Amino acid sequence: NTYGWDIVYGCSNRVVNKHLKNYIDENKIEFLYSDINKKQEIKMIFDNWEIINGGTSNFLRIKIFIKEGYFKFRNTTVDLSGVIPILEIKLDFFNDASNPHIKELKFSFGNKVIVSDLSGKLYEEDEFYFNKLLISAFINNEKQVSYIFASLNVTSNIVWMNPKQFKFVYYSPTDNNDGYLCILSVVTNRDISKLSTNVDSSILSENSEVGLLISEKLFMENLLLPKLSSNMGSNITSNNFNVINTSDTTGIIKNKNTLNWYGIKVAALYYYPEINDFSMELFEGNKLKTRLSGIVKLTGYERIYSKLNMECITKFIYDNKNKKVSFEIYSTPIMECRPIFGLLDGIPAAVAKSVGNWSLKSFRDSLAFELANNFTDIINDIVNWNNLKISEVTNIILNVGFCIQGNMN
């Protein structure tokens, strides 16, 4: 699903364009420049700006609607009322003067980083070498446009999501409509470059304005494990578990050491089985394949035990009404209970079979739980597009990556 990145955020241009429009409908947006004494000047008054496709890398490409204005070179007069230039511009992150741990995504015309694609439509004269030279005297008014495309929060209450390195990229598809987006690596200072910038269009959907894609690893470590590792009795606590790397984004859950199961009462006695090696890897996109093995000693016959082997597939489950993530039992392709005894003593062998079969059930049963995260909290945790929270989460998908989707209000 993802592309070698750790957490990817994304937003509809259809969304930001609109918050852009009434940031402009605030109306204090006139641009003046006069080159002296080169006899040049423009006064541009803006109707609307509109982000469009064609944006490559850091850059946005945007349609500029002028509805009042002028422009003079060498005693030549041209009123810019209605001309519609098309620019490409750079965005970069700007640290904040309030909370510096909140980095802020704004326009940036430093020093160079504005290109003119089309000059105007279509009320112009070909002789527009001067308009372009001059409207790149945009820069003088860089500070005037302080629009916040997204707030990005390092040092949030959710620590595993905190980004160390991260950068902006615009996704334009093959069909026309699009969403731009922001890519990160959390905590880890990995190679970073060269990583791709290609993004999964899956992140957004027809129903959803904002999307968030969590890598498989982060999901395993910070979403599944925390629940699982506390679903198995008081002598198991995730400190008992490792998550092992297979890629820098692909990961398997193995046990760090012996897992001490809680006590099961069979007939008159309590038994305390122990799983010795444990494995949970992600399988067929949305299912978990669990593969454990261990034993259970017979209390009172210490040196007579039952060897326990299970394979058990569980499945992701999403409840769109209460926004709950769930895993249920899909199959139990292996539940093998094989008592170890010799000759005559069939009588313990039989309780060994029975404690074995009870223990296996206990195991499986623990693989069927419901996570407790607040996913609304999660999507809103690091990136808030346009300095805004998301009201409703529209879908959650586990297809190798872990994807949360929603609408802002």
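Scroll up to find the structure.
Residues numbered from 1 in each chain as written, not as in the entry; some residues may be left out. Heavy atoms only, no water. Residues with missing side-chain atoms left out of burial classes, pairs and counts.

Asker: Can you help me understand the overall build of the protein chain in this one?
Answerer: Summing up its helical and strand segments, the protein chain has five helices and 25 strands in all. Taking 2.2 N^0.38 as the reference for a compact globule, 409 residues should give roughly 22 Å; the C-alpha atoms of the protein chain span a radius of gyration of 30 Å, well beyond that estimate. Based on the C-alpha atoms only, the size of the protein chain along its principal axes is roughly 115 × 35 × 30 Å. (Helix = DSSP H or I, 4+ residues; strand = E, 2+ residues; numbered from the N terminus. Rg over C-alpha atoms; globule rule 2.2 N^0.38 Å.)

Asker: What is the right way to look at the side chain of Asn-53 in this model?
Answerer: Tracing the backbone shows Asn-53 in the loop between strand 3 (40-52) and strand 4 (60-73). Aside from chain neighbours lying at most four places away, what touches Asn-53 is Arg-61, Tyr-170, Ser-172, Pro-173, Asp-175, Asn-176 and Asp-178. (Contact = heavy atoms within 4.5 Å.)

Asker: Could you clarify how one ought to interpret empty space enclosed by the protein in this entry?
Answerer: Over the atoms, a rolling probe the size of a water molecule traces out where space has been left empty. The calculated volume of the largest cavity comes to roughly 50 Å³. Contributing to the lining of the largest cavity are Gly-10, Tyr-171, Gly-179, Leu-181, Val-199, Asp-200, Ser-201, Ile-203 and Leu-204. When its residues are assigned to classes, the lining of the largest cavity shows five nonpolar, three polar and one charged. (1 Å grid on protein atoms, 1.4 Å probe; cavity = no way out; pocket = protein on both sides within 12 Å on 5 of 7 lines; lining within 4 Å. Points joined across faces, edges and corners; volume = space filled by probe spheres on them. Nonpolar A, V, L, I, M, F, W, Y, C, P; charged D, E, K, R; others polar.)

Asker: Hey, could you run me through the nonpolar core in this one?
Answerer: Soluble, globular proteins show a tendency: their nonpolar side chains are buried together. Among the nonpolar cores identified, the biggest contains 105 residues, and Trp-49, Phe-149, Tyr-180, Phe-327, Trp-385, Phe-402 and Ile-404 are the most heavily contacted of them. Counting residues per element, this core draws most heavily on helix 3 (residues 216-228), which supplies seven residues. When residues are assigned to domains, this core turns out to be shared by domain 1 (1-214 + 374-409) and domain 2 (215-373), each giving three or more. Discounting residues that sit within four places of it in the chain, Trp-385 has contacts with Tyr-9, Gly-10, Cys-11, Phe-149, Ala-150, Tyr-180, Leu-181, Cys-182, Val-210 and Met-408. Core analysis: the next-biggest nonpolar cluster, separate from the first, contains nine residues, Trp-5, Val-199, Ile-203 and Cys-403 among them. (Core = buried A, V, L, I, M, F, W, Y, C linked by side-chain atoms within 4.5 Å. Buried < 20%, exposed > 50% of the residue type's maximum accessible area, 1.4 Å probe, protein only. Domains from an automatic or database assignment.)

Asker: Just checking my understanding: could you explain the pattern of salt bridges for this structure?
Answerer: Opposite charge on two side chains permits them to pair, given that their charged atoms come into close proximity. Applying the stated criterion to the full structure yields eight salt bridges. Of the charged contacts, one joins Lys-67 and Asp-47 as a salt bridge, the two residues approaching to 4.0 Å between their closest N and O atoms. You can see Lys-67 sitting in strand 4 and its partner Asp-47 sitting in strand 3, a full 20 residues away along the chain. Take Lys-67: its relative accessible area is 61%, and that puts it in the exposed class. In this structure, the salt-bridge partner of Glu-88 is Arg-61, at a minimum N-O distance of 3.4 Å. Of this pair, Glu-88 sits in strand 6 (residues 86-89) while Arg-61 sits in strand 4, and the two are 27 residues apart along the sequence. (Salt bridge = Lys/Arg side-chain N within 4 Å of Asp/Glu carboxyl O.)

Don't take any of this as a statement about function, it's just geometry.
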